[PDB]
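**Student:** Below you'll find the sequence and an experimental structure to go with it.
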Amino acid sequence: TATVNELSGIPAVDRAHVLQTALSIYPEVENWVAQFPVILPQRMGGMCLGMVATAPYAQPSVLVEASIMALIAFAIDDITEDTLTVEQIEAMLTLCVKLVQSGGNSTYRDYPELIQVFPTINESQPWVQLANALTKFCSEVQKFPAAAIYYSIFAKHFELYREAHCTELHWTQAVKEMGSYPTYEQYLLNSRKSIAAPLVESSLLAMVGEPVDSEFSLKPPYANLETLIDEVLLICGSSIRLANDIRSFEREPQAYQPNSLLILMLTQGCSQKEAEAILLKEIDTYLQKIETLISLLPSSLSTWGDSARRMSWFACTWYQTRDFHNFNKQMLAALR
């Protein structure tokens, strides 16, 4: 059920070049994530490969950093949905934001008021390790020239990601107590922001974004540049949320947690196939919209925009295929 638009619009990939570059950055990401073994995925081949496919002519420094952010966001997703209480999850999320807002200048030990809810703070704990990884990453981003203009975007979207996660816990609690759900529209508005891809693309902006003379360079219909950048991140996340939601539901249909497929079945009377078919078209529309939006960027952001476009397309169309699975297998073969 690819659509015409998806068949015709999927961005191209020079697999040789992308594989060569993914192999080249892999040892660097491996040595980084080795420091935080309890919480970061130690298999990251496919992640690197995907990040290069997303930004294929970025500088290696950028590909390493962005791959690291993707692993960190995977781990946050992990430790927030999959041992910990809701209070502890909320605490961890607040902590993450504060560490981000500090730019690397703070550590988890600066926030005892948050970490008092944990039964230990030793350096084996997953959430400690996550905190330290984020400190480290934030300090490294601060060294990128683009960070003096664009870091705030990353920090703001990190706050929205926390907020979206918090709302989702509140909705889940309500499901257990009340059996009731947000509407599809309420759900997507929130949960477009609670996935990794958003975070990663915002961090990418703080690595690659160039100065824009907003005053004189912005064109109608955007009177401020922040809104456009926001929109690209929201629309990136909207397509990916829906695709992830289909995957999650398929793997555990009996799950009760707010999920857009489940919501359409429970709240709008759809069969699973009807539900899936509405999500698939929405996905298509949001892939069309991100193409429109990225076409509107100032030329000094068009390279960032293209990463956000690639990320959404691949996350929705490519990464779940056997084709991608196979390319992954080629990377793993090459790593031995």
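**Tutor:** That came through, no problem. Residues are numbered from 1 along each chain as shown.
**Student:** and the next element down the chain from the helix or strand containing residue 312?
**Tutor:** Using DSSP states H and E, residue 312 sits in helix 302-317. Proceeding N to C from helix 302-317, the next assigned helix or strand is helix 322-335, under DSSP H and E.
**Student:** the inter-axis angle of that next one versus helix 302-317?
**Tutor:** Using axes from the mean of the first three to the mean of the last three CA atoms, to 10 degrees, the direction of helix 322-335 lies 110 degrees away from that of helix 302-317.
**Student:** Which secondary structure elements does helix 322-335 sit against?
**Tutor:** With contacts defined as 3 or more CB pairs under 8 Å, 6 or more residues apart in numbering; DSSP states H and E, helix 322-335 has these neighbours: helix 15-33, helix 45-54. Every C-beta, even on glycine, is put in place using the N, C-alpha and C of the backbone.
**Student:** Would you mind putting these into JSON lines with distance to residue 175 alongside?
**Tutor:** Listed next are these as JSON lines, based on distance: least, CB to CB, whole Å:
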{"stretch": "helix 15-33", "distance to residue 175": "34"}
{"stretch": "helix 45-54", "distance to residue 175": "31"}
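**Student:** closest one to residue 64 among the ones you listed?
**Tutor:** Of all the helices and strands packed on helix 322-335, it is helix 15-33 that lies closest to residue 64, at 4.8 Å by CB to CB.
**Student:** Can you check what angle separates that closest one from helix 322-335?
**Tutor:** 60 degrees.
**Student:** For residue 279, pull up the helix or strand it's in.
**Tutor:** Per DSSP H and E: helix 272-295 holds residue 279.
**Student:** I'd like the distance from the helix holding residue 312 to the chain centre, please.
**Tutor:** Put simply, helix 302-317 sits 12 Å off its chain's centre (CA atoms, centre = their mean, to the nearest Å).
**Student:** Which positions in that helix come out as buried?
**Tutor:** For helix 302-317, a neighbour-count test (16 or more other CB atoms under 10 Å) marks 303-317 as buried.
**Student:** now that helix and helix 272-295, what's the angle there?
**Tutor:** Using the same axes, to 10 degrees: helix 302-317 against helix 272-295 is 170 degrees.
**Student:** Show me what helix 302-317 is packed against.
**Tutor:** helix 45-54, helix 196-208, helix 225-251, helix 272-295.
**Student:** between it and helix 45-54, how many degrees?
**Tutor:** Angle of helix 302-317 versus helix 45-54, following the same axes, to 10 degrees, is 130 degrees.
**Student:** how far away is the residue nearest to residue 151 when sequence neighbours are not counted from residue 75?
**Tutor:** Counting by CB to CB, 6 or more residues apart in numbering, residue 151 lies nearest to residue 206, which is 4.8 Å off, once chain neighbours are set aside. Noted for residue 206: a distance of 20 Å to residue 75, by CB to CB, to the nearest Å.
**Student:** for residue 155, same thing?
**Tutor:** Where residue 75 is concerned, residue 155 sits at a distance of 19 Å (CB to CB).
**Student:** What are the contacting residues of the helix holding residue 279?
**Tutor:** 1, 3, 5-6, 9, 228, 231-232, 235-236, 238-239, 242-243, 245-246, 249, 253, 260-261, 264-265, 270, 302, 305-306, 308-309, 312-313, 316-317 (CB atoms under 8 Å, 6 or more residues apart in numbering).
**Student:** And it, what's buried?
**Tutor:** Buried residues in helix 272-295, counted by 16+ other CB under 10 Å: 275-276, 278-280, 282-284, 286-291, 293-294.
**Student:** by contact count, what packs against the longest helix along the chain?
**Tutor:** Looking across the chain with DSSP state H, the single longest helix is helix 147-178. Packing contacts for helix 147-178, counted by 3+ CB pairs under 8 Å, 6+ apart, involve helix 86-101, helix 126-141, helix 184-191, helix 196-208, helix 225-251.
**Student:** Format those helices as TSV; extra columns: mean neighbour count and distance to residue 32.
**Tutor:** TSV is the format used below for the helices and strands packed on helix 147-178 (neighbours: other CB atoms under 10 Å; distance: least, CB to CB, whole Å):
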stretch	mean neighbour count	distance to residue 32
helix 86-101	20	17
helix 126-141	21	8
helix 184-191	18	29
helix 196-208	26	14
helix 225-251	21	24
